[PDB]
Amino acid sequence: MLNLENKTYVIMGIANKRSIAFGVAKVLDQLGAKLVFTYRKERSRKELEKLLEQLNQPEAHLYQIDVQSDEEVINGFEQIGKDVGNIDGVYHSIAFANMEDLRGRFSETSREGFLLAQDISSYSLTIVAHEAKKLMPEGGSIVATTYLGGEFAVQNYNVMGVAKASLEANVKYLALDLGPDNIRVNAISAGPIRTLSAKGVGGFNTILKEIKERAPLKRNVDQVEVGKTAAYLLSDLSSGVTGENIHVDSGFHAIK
């Protein structure tokens, strides 16, 4: 159990050493997995290669995939299959909204900002799952990252809250559709973590303080803690579990 030595996972959404998806990569790597990484723009390839040398993987497998492009997602997973073969799962950690939409009054959200968030943060999972399934003929596990703001209205989270609720339903619909193909689809609801996606978010230290003061474990979580739950979900330990959303958040989801 949990020896991932002959398993291969595609990880999407690493930006830097603080990325939640890099906590996932470190844990899967320590368990022996072969890892494939995707990134949005060619400008990020070098820093990502360099970051990933930390894992000492025998081969650096990196692919430019902008999930806004059908062509890039299809072509990318096809190239992954040609280069590395079939895979055992996908870790999805991609989200975006225009910054102006993460501070406004939500009622002022533009149509374009709303659809943009849905496209990147929710639809991306659907097309990734369809293309990744082609590499998983004997089944596999797909995991997406979410936040409690998809379950409750959190101040400022605004359009991303609606995008995460969409993502969370996307996970259940994919679980239903792909279950017969022995592909499980689950989410991790991570507590707040200081990453690049916290940059420009006002009052972020106040959010971190509230968890510390109120959550059952009276502390915040980190990327490795999300990564350990991701290993469980990506592995056969979680074989009977699908369409689930596991909170890795020091118990915050359970209190009011």
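When you see a residue number, it is the position in the sequence shown, counting from 1.
*Asks:* Which wins on mean Cα temperature factor, 7 to 15 or 240 to 248?
*Replies:* Comparing 7 to 15 with 240 to 248, the higher average CA B-factor belongs to 7 to 15.
*Asks:* Taking the mean of the C-alpha B-factors per stretch from the entry, tell me the winner out of 92 to 100 and 167 to 175.
*Replies:* For C-alpha atoms only, the mean B-factor is higher in 92 to 100.
*Asks:* Tell me, please, which of 219, 45, 26, 228 has the highest C-alpha B factor according to the deposited entry?
*Replies:* Out of 219, 45, 26, 228, the record gives the largest C-alpha B-factor to 45.
*Asks:* If you compare 187, 52, 215, 224, which has the highest Cα B-factor in the entry?
*Replies:* Largest recorded C-alpha B-factor: 52.
*Asks:* Taking the values exactly as deposited, rank residue 2 by C-alpha B-factor within its chain and report the matching third: lowest, middle or highest.
*Replies:* It belongs to the highest third of the chain when residues are ordered by C-alpha B-factor.
*Asks:* Based on the deposited C-alpha B factors for this chain, I'd like to know if residue 161 is in the lowest, middle or highest third.
*Replies:* Lowest third - that is where residue 161 ends up once the chain's C-alpha B-factors are sorted.
*Asks:* Residue 151's Cα B-factor: lowest, middle or highest third of the chain?
*Replies:* Lowest third, going by the recorded CA B-factors of the chain.
*Asks:* Could you say whether, by C-alpha temperature factor, residue 62 belongs to the lowest, middle or highest third of its chain?
*Replies:* Highest third of the chain for residue 62's C-alpha B-factor.
*Asks:* Based on the entry's values, in what third of the chain does the Cα temperature factor of residue 126 lie: lowest, middle or highest?
*Replies:* Its C-alpha B-factor belongs to the lowest third of this chain's values.
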